[PDB]
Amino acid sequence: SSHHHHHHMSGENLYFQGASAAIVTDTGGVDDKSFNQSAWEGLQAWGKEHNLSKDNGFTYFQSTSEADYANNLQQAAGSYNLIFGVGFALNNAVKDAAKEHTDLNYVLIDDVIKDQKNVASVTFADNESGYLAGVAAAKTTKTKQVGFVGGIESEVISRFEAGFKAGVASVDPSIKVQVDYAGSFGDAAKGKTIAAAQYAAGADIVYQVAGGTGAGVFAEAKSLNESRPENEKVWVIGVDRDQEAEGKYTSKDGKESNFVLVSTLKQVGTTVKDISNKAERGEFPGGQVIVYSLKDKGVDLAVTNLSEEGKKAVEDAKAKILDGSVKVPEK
């Protein structure tokens, strides 16, 4: 209201203490065009905003295996005071590291840690985005059969699967959803053989929810589509990022086209940048569980190459999820 006792201070003597933020990444890698890449793009954007460069204020530790999680988190604790575990698999390793270094701040993305003051947890309503992808798929199938390729069987991927199945059923319960898990988020070759089998059995759309494994699903669809006419093409649904650019191909008939129907979005990069800024300002949300959903645009659907009829079904289904009229199952 008033500040009568005051002293003039030079801007040269006032300074804001910066933080150093690192992500510890799973097998998928920061080049997975999806989940880990979104996180890494977010951290790079944050680095650029704070005048930093890789291994000088921000970095990523790629995990070779589960045994490398603890090694990478301990290496990170040498130089970084905000450490993100990217993926549900880092749950136990982040719990242990947070108990050893109570002075550092940790974030688990895609899972919850309870009762740890220096750990924040982030989850996404991927069931809600999955539902929208299902409505999209149900409005474009000609064969009335669609594929789902998961990475590792988990509460997280079951959220996508349940939402996707529910969204397909909301339009046409006649449609068959073939489900297959790769057992990995970093196995393109297994993604390719699963997609090959799903397409050969008469799926005309595959939704890939397996991070970097999904590069194989894109490779299979591209090979089938290059050896066919444009109007007989087979679709993939993108995940985490808008993957439209990965769908570029040329048909047997010489026509330039795109086989990405739609992508589910998961704003992991946005979350990494926002929490990094809060940690640097001394407002780290330790002990809290942050839930992103359709409402706050933490998840969404990019409607890329969907028919106008499909976009209407998606916009209508989105309204019903926001209003509460449709409750999307999580399992």
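If you superpose the two forms and keep the largest set of C-alpha atoms that fall within 1.5 Å, you have the rigid core. Residues carry their position along the shown sequence, with the first being 1.
- Once the structures in 4 other deposited structures of this protein are superposed via the core, the pair 292 to 300 and 25 to 33 is resolved in favour of 25 to 33 as the more displaced stretch (C-alpha RMS).
- Stretches compared: 68 to 76, 142 to 150. Higher mean C-alpha B-factor in the entry: 68 to 76.
- Between 257 to 265 and 151 to 159, the higher mean Cα B-factor belongs to 151 to 159.
- Residues shown: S63, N305, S34, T270. Highest C-alpha temperature factor in the entry: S63.
- Sorting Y292, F284, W46, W40 by the CA temperature factor given in the entry leaves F284 at the top.
- The deposited CA B-factor of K114 belongs to the highest third of values across its chain.
- In the deposited entry, the Cα temperature factor of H6 sits in the middle third of values across the chain's modelled residues.
- Per the PDB record, residue ranking by Cα B-factor puts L104 in the highest third of the chain.
- In this PDB entry, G214 carries a Cα temperature factor that places it within the lowest third of its chain's modelled residues.
- For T27, the recorded CA temperature factor ranks within the highest third of the chain's modelled residues.
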